[PDB]
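Here the structure is laid out as structure tokens; the discussion comes afterwards.
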Amino acid sequence: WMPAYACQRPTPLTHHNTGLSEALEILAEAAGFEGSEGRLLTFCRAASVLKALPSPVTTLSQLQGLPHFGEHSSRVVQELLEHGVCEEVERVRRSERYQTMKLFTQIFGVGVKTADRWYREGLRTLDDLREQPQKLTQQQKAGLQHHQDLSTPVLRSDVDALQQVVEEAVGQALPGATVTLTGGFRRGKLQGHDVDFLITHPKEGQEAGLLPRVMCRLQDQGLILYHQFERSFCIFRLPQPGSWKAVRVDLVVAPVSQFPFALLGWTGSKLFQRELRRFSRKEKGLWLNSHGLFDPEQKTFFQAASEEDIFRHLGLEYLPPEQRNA
DNA sequence: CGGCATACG
DNA sequence: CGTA
DNA sequence: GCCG
Ligand SMILES: [Mn+2]
Ligand SMILES: [Mn+2]
Ligand SMILES: [Mn+2]
Ligand SMILES: [Mn+2]
Ligand SMILES: [Mn+2]
Ligand SMILES: [Mn+2]
Ligand SMILES: [Mn+2]
Ligand SMILES: [Mn+2]
Ligand code: NA
């Protein structure tokens with residue numbers, strides 16, 4: 001049978017039920033915009049179950065027994081199978097509320113609560129926001145200023161160029177420090193909206209103080225448009241032929257003791273990690289985050305040298321990054 | 001009924 | 001709140 | 001919305 005947790009099954013990048021999963025993900029996004037985090041999670045889980053199936057769902061009977069499919073998710077699939085369209089999904093898609101909330105929450109620095117307040121105030125367009133600069137945080141100002149570039153897919157060639165400049169700054173800041181590409185690109189995605197790097201040093205503690213030194217060296221090379229510790233959510237000025245474009249880059253430092261946990265958490269997917277943390281606590285009584293895995297009865301942390309160690313300690317079959325696309 | 005992942009900036 |  |  002299909003396991004109930006997304007961390008118990010492989011989910012490849014390319015799968016066979018895109019139409020159905022995308023419809024469920026619209027409903028999940030809309031639930032989020034209305035502040036229904038539980039409904040969002042159900043619709044996300046149901047969409048993910050379809051991504052893990054080996055073949056297209058052709059008939060409604062093939063949903064029987066699948067986890068996270070109840071009355072509502074099943075009716076969505078039913079109507080898509082019967083008619084090619086789901087009335088509910090189309091009503092959401094076309095709604096002013098959905099389209100504006102999607103527009104605003106895709107801005108760096110804006111989440112659902114901020115977007116909803118702006119919507120209730122009657123704002124509808126990016127220009128509306130630019131017309132009221134006093135109502136913006138510095139983060140939001142940077143997100144709006146660079147919004148067009150930040151909406152342009154990041155390509156592998158960009159990733160490679162960014163990894164070179166980050167490696168150069170890291171090596172200038174601390175000899176022997178390493179840079180690991182994480183996020184969606186480590187899962188095999190060919191494009192993305194941002195690039196994520198995890199930085200460590202093989203000698204425990206040597207990485208203390210590292211991220212401000214890296215940030216100073218990147219800024220002195222003119223590479224930083226926006227910044228500001230362990231996590232830096234940056235916008236880089238990435239050189240292009242005769243020009244440049246803004247790219248979102250996340251830089252994360254971890255001590256080598258935490259590195260496997262940070263690598264696992266920052267590699268994703270987001271649903272995969274939520275499900276893995278839920279599995280850890282609810283099924284094995286252990287507390288997982290990007291720092292470690294804690295046994296609250298013995299009050300001890302599990303020493304891991306690899307991601308494989310973490311899966312093993314949780315009693316899970318190991319899944320490589322390209323099968324974590326839940 | 002109530003949980004739903006768990007951190008840092 | 002925002003970010004991941 | 002689904003489920004323990
Ligand atoms: Mn396949
Ligand atoms: Mn319903
Ligand atoms: Mn019908
Ligand atoms: Mn990413
Ligand atoms: Mn820390
Ligand atoms: Mn990122
Ligand atoms: Mn309830
Ligand atoms: Mn409910
Ligand atoms: Na946002």
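The way I read the labels, and the way they are meant: chains A, B, ... in the order of the structure tokens, residue 1 as the first residue of every chain, and ligand 1 as the first ligand shown, with later ones counted on from there.
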
Compute the chain B side of the contact with chain A at 7 Å, counting only C-alpha atoms (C1' of nucleotides), and hand it back as JSON, numbers by chain. {"B": [4, 5, 6, 7, 8]}

List as JSON lines every residue of chain A that is in contact with chain C, defined as an atom at most 12 Å from one of its atoms (using only C-alpha atoms (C1' of nucleotides)), together with the nearest atom pair and the distance in Å rounded to one decimal, sorted by chain and then rising number.
```
{"residue": "A:105", "atom": "CA", "partner": "C:2", "partner_atom": "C1'", "distance": 11.3}
{"residue": "A:107", "atom": "CA", "partner": "C:2", "partner_atom": "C1'", "distance": 11.2}
{"residue": "A:108", "atom": "CA", "partner": "C:3", "partner_atom": "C1'", "distance": 8.8}
{"residue": "A:109", "atom": "CA", "partner": "C:2", "partner_atom": "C1'", "distance": 5.8}
{"residue": "A:110", "atom": "CA", "partner": "C:2", "partner_atom": "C1'", "distance": 7.1}
{"residue": "A:111", "atom": "CA", "partner": "C:2", "partner_atom": "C1'", "distance": 7.2}
{"residue": "A:112", "atom": "CA", "partner": "C:1", "partner_atom": "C1'", "distance": 10.3}
{"residue": "A:113", "atom": "CA", "partner": "C:1", "partner_atom": "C1'", "distance": 8.3}
{"residue": "A:114", "atom": "CA", "partner": "C:1", "partner_atom": "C1'", "distance": 8.3}
{"residue": "A:115", "atom": "CA", "partner": "C:1", "partner_atom": "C1'", "distance": 11.8}
{"residue": "A:136", "atom": "CA", "partner": "C:2", "partner_atom": "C1'", "distance": 12.0}
{"residue": "A:137", "atom": "CA", "partner": "C:2", "partner_atom": "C1'", "distance": 9.6}
{"residue": "A:138", "atom": "CA", "partner": "C:2", "partner_atom": "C1'", "distance": 11.0}
{"residue": "A:139", "atom": "CA", "partner": "C:2", "partner_atom": "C1'", "distance": 8.4}
{"residue": "A:140", "atom": "CA", "partner": "C:2", "partner_atom": "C1'", "distance": 9.3}
{"residue": "A:143", "atom": "CA", "partner": "C:2", "partner_atom": "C1'", "distance": 11.9}
{"residue": "A:182", "atom": "CA", "partner": "C:4", "partner_atom": "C1'", "distance": 11.7}
{"residue": "A:183", "atom": "CA", "partner": "C:4", "partner_atom": "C1'", "distance": 9.8}
{"residue": "A:194", "atom": "CA", "partner": "C:4", "partner_atom": "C1'", "distance": 11.4}
{"residue": "A:195", "atom": "CA", "partner": "C:4", "partner_atom": "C1'", "distance": 11.7}
{"residue": "A:196", "atom": "CA", "partner": "C:4", "partner_atom": "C1'", "distance": 9.6}
{"residue": "A:197", "atom": "CA", "partner": "C:4", "partner_atom": "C1'", "distance": 11.7}
{"residue": "A:227", "atom": "CA", "partner": "C:3", "partner_atom": "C1'", "distance": 11.9}
{"residue": "A:228", "atom": "CA", "partner": "C:3", "partner_atom": "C1'", "distance": 10.8}
{"residue": "A:230", "atom": "CA", "partner": "C:4", "partner_atom": "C1'", "distance": 11.5}
{"residue": "A:231", "atom": "CA", "partner": "C:4", "partner_atom": "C1'", "distance": 8.6}
{"residue": "A:232", "atom": "CA", "partner": "C:3", "partner_atom": "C1'", "distance": 9.2}
{"residue": "A:233", "atom": "CA", "partner": "C:3", "partner_atom": "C1'", "distance": 7.2}
{"residue": "A:234", "atom": "CA", "partner": "C:3", "partner_atom": "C1'", "distance": 10.6}
{"residue": "A:248", "atom": "CA", "partner": "C:3", "partner_atom": "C1'", "distance": 11.9}
{"residue": "A:249", "atom": "CA", "partner": "C:4", "partner_atom": "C1'", "distance": 11.3}
{"residue": "A:250", "atom": "CA", "partner": "C:4", "partner_atom": "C1'", "distance": 8.4}
{"residue": "A:251", "atom": "CA", "partner": "C:4", "partner_atom": "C1'", "distance": 10.3}
{"residue": "A:252", "atom": "CA", "partner": "C:4", "partner_atom": "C1'", "distance": 9.7}
{"residue": "A:262", "atom": "CA", "partner": "C:4", "partner_atom": "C1'", "distance": 11.0}
{"residue": "A:265", "atom": "CA", "partner": "C:4", "partner_atom": "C1'", "distance": 9.0}
{"residue": "A:266", "atom": "CA", "partner": "C:4", "partner_atom": "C1'", "distance": 7.5}
{"residue": "A:267", "atom": "CA", "partner": "C:4", "partner_atom": "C1'", "distance": 10.5}
{"residue": "A:268", "atom": "CA", "partner": "C:4", "partner_atom": "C1'", "distance": 10.0}
{"residue": "A:269", "atom": "CA", "partner": "C:4", "partner_atom": "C1'", "distance": 11.2}
{"residue": "A:270", "atom": "CA", "partner": "C:4", "partner_atom": "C1'", "distance": 9.1}
{"residue": "A:273", "atom": "CA", "partner": "C:4", "partner_atom": "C1'", "distance": 11.4}
{"residue": "A:289", "atom": "CA", "partner": "C:4", "partner_atom": "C1'", "distance": 11.9}
{"residue": "A:290", "atom": "CA", "partner": "C:4", "partner_atom": "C1'", "distance": 10.2}
```

Do me a favour and pick out the residues of chain A within 12 Å of chain D, using only C-alpha atoms (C1' of nucleotides), as an MDAnalysis selection string. chainID A and resid 4 24 27:28 31 36:46 66:74 282:283

Take the residues that were just selected and, keeping C-alpha atoms, output them as a PDB file, in the first residue's frame.
```
ATOM      1  CA  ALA A   4       0.853   7.626   4.657  1.00  0.00           C
ATOM      2  CA  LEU A  24      -5.131  20.130  -5.648  1.00  0.00           C
ATOM      3  CA  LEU A  27      -6.872  24.509  -3.497  1.00  0.00           C
ATOM      4  CA  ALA A  28      -4.016  24.138  -0.990  1.00  0.00           C
ATOM      5  CA  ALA A  31      -6.660  27.469   1.821  1.00  0.00           C
ATOM      6  CA  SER A  36      -6.664  27.381   6.862  1.00  0.00           C
ATOM      7  CA  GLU A  37      -3.296  25.715   7.458  1.00  0.00           C
ATOM      8  CA  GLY A  38      -4.876  22.309   8.079  1.00  0.00           C
ATOM      9  CA  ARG A  39      -6.780  22.267   4.800  1.00  0.00           C
ATOM     10  CA  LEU A  40      -3.645  23.470   3.038  1.00  0.00           C
ATOM     11  CA  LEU A  41      -1.701  20.571   4.480  1.00  0.00           C
ATOM     12  CA  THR A  42      -4.326  17.991   3.462  1.00  0.00           C
ATOM     13  CA  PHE A  43      -4.508  19.235  -0.113  1.00  0.00           C
ATOM     14  CA  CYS A  44      -0.676  19.357  -0.281  1.00  0.00           C
ATOM     15  CA  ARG A  45      -0.466  15.772   1.007  1.00  0.00           C
ATOM     16  CA  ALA A  46      -3.096  14.544  -1.444  1.00  0.00           C
ATOM     17  CA  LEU A  66      -5.002   6.128  -0.899  1.00  0.00           C
ATOM     18  CA  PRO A  67      -4.043   8.200   2.155  1.00  0.00           C
ATOM     19  CA  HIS A  68      -5.327  11.797   2.393  1.00  0.00           C
ATOM     20  CA  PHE A  69      -8.090  11.285  -0.172  1.00  0.00           C
ATOM     21  CA  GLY A  70     -11.503  11.814   1.341  1.00  0.00           C
ATOM     22  CA  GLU A  71     -14.714  13.273   0.063  1.00  0.00           C
ATOM     23  CA  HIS A  72     -13.334  16.615  -1.064  1.00  0.00           C
ATOM     24  CA  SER A  73     -10.079  15.607  -2.781  1.00  0.00           C
ATOM     25  CA  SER A  74     -11.797  12.659  -4.434  1.00  0.00           C
ATOM     26  CA  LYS A 282       4.727  10.944  16.121  1.00  0.00           C
ATOM     27  CA  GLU A 283       6.095   7.530  15.148  1.00  0.00           C
TER      28      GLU A 283
END
```

Kindly compile the residues surrounding ligand 3 within 10 Å, counting only C-alpha atoms (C1' of nucleotides) and all ligand atoms, and format them as JSON, numbers by chain. {"A": [75, 76, 78, 79, 80, 81, 82, 83, 84, 85, 86, 87]}

Next, dump the selected residues to file, keeping only N, CA, C and O atoms, as a short mmCIF file (atom, residue, chain, number, x, y, z; two decimals), in the first residue's frame.
```cif
data_model
loop_
_atom_site.label_atom_id
_atom_site.label_comp_id
_atom_site.auth_asym_id
_atom_site.auth_seq_id
_atom_site.Cartn_x
_atom_site.Cartn_y
_atom_site.Cartn_z
N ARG A 75 -13.62 14.22 -4.96
CA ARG A 75 -14.53 14.88 -5.89
C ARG A 75 -13.77 15.76 -6.87
O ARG A 75 -14.11 15.82 -8.04
N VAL A 76 -12.69 16.42 -6.42
CA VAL A 76 -11.85 17.19 -7.33
C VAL A 76 -11.32 16.31 -8.46
O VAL A 76 -11.44 16.64 -9.64
N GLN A 78 -12.49 13.40 -9.39
CA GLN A 78 -13.63 12.88 -10.15
C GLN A 78 -14.01 13.84 -11.26
O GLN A 78 -14.20 13.44 -12.42
N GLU A 79 -14.13 15.12 -10.91
CA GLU A 79 -14.63 16.09 -11.88
C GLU A 79 -13.59 16.36 -12.95
O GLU A 79 -13.93 16.56 -14.12
N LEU A 80 -12.31 16.37 -12.57
CA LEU A 80 -11.26 16.50 -13.58
C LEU A 80 -11.27 15.31 -14.52
O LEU A 80 -11.07 15.47 -15.73
N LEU A 81 -11.51 14.11 -13.99
CA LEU A 81 -11.54 12.93 -14.86
C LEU A 81 -12.73 12.96 -15.78
O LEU A 81 -12.65 12.55 -16.95
N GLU A 82 -13.87 13.39 -15.26
CA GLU A 82 -15.12 13.34 -16.03
C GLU A 82 -15.20 14.47 -17.03
O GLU A 82 -15.72 14.27 -18.13
N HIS A 83 -14.72 15.65 -16.66
CA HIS A 83 -15.00 16.88 -17.38
C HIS A 83 -13.77 17.66 -17.81
O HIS A 83 -13.90 18.57 -18.63
N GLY A 84 -12.57 17.33 -17.30
CA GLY A 84 -11.36 18.07 -17.58
C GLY A 84 -11.18 19.33 -16.76
O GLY A 84 -10.13 19.97 -16.84
N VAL A 85 -12.17 19.70 -15.95
CA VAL A 85 -12.15 20.94 -15.18
C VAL A 85 -12.92 20.68 -13.89
O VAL A 85 -13.82 19.83 -13.85
N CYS A 86 -12.51 21.36 -12.83
CA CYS A 86 -13.22 21.33 -11.55
C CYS A 86 -13.75 22.73 -11.29
O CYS A 86 -12.97 23.69 -11.25
N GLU A 87 -15.08 22.84 -11.13
CA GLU A 87 -15.73 24.13 -10.95
C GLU A 87 -15.09 24.92 -9.82
O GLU A 87 -14.89 26.15 -9.94
#
```

As a ChimeraX atom specification, please: all residues of stretch 122-292 of chain A that backbone DSSP puts in alpha helix (DSSP H). /A:126-130,138-145,147-150,156-173,183-186,210-220,259-267,270-284

Nearby residues (only C-alpha atoms (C1' of nucleotides)) at most 8 Å from stretch 300-312 of chain A, same-chain spacing under 6 positions excluded, as number ranges by chain: A: 257, 260-261, 263-264, 292-294, 318

Export of the given selection (N, CA and C atoms) as a tab-separated table (two decimals), in the first residue's frame:
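Just written: result_25.tsv:
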```tsv
chain	number	residue	atom	x	y	z
A	257	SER	N	29.13	19.14	13.13
A	257	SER	CA	28.24	18.25	13.88
A	257	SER	C	26.79	18.35	13.42
A	260	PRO	N	24.88	17.23	8.60
A	260	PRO	CA	23.93	16.33	7.94
A	260	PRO	C	22.51	16.75	8.17
A	261	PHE	N	22.20	17.29	9.35
A	261	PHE	CA	20.85	17.73	9.64
A	261	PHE	C	20.48	18.95	8.85
A	263	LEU	N	21.89	19.80	5.96
A	263	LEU	CA	21.82	19.38	4.56
A	263	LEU	C	20.46	18.77	4.27
A	264	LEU	N	20.02	17.91	5.16
A	264	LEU	CA	18.70	17.28	4.98
A	264	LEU	C	17.59	18.32	4.96
A	292	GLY	N	19.62	18.96	14.50
A	292	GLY	CA	19.87	17.72	15.18
A	292	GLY	C	18.60	16.90	15.34
A	293	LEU	N	18.77	15.76	16.01
A	293	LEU	CA	17.70	14.82	16.25
A	293	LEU	C	17.82	14.43	17.72
A	294	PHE	N	16.81	14.80	18.50
A	294	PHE	CA	16.86	14.77	19.97
A	294	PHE	C	15.95	13.68	20.52
A	318	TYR	N	16.42	4.77	3.05
A	318	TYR	CA	17.06	6.01	2.59
A	318	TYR	C	16.52	6.40	1.22
```

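You will find atom CA of residue A:154 at 5.1 Å from atom CA of residue A:192.
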
Write out as JSON, numbers by chain the set of residues from stretch 96-266 of chain A that DSSP, computed on the backbone, places in strand (DSSP E or B). {"A": [154, 155, 178, 179, 180, 181, 191, 192, 195, 196, 197, 198, 199, 200, 224, 225, 226, 231, 232, 233, 234, 235, 236, 237, 238, 239, 240, 243, 244, 245, 246, 247, 248, 249, 250, 251, 252, 253]}

For the atom pair atom CA of residue A:211 and atom CA of residue A:142, what is the interatomic distance in Å to one decimal place?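 Going from atom CA of residue A:211 over to atom CA of residue A:142 covers 20.7 Å.
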
Rounded to one decimal in Å, what is the spacing between atom CA of residue A:323 and atom CA of residue A:253?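 Calculated distance between atom CA of residue A:323 and atom CA of residue A:253 is 25.0 Å.
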
Check every protein, DNA and RNA residue against ligand 1, keep those with an atom at most 10 Å away (counting only C-alpha atoms (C1' of nucleotides) and all ligand atoms), and present them as a list in words.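 Listed by chain and ascending number, the contacts are residues 11, 12, 13, 14, 15, 16, 17, 51, 52, 53, 54, 55 and 56 of chain A.
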
Just want the residues within 10 Å of ligand 7, written as a ChimeraX atom specification, counting only C-alpha atoms (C1' of nucleotides) and all ligand atoms. /B:1-3
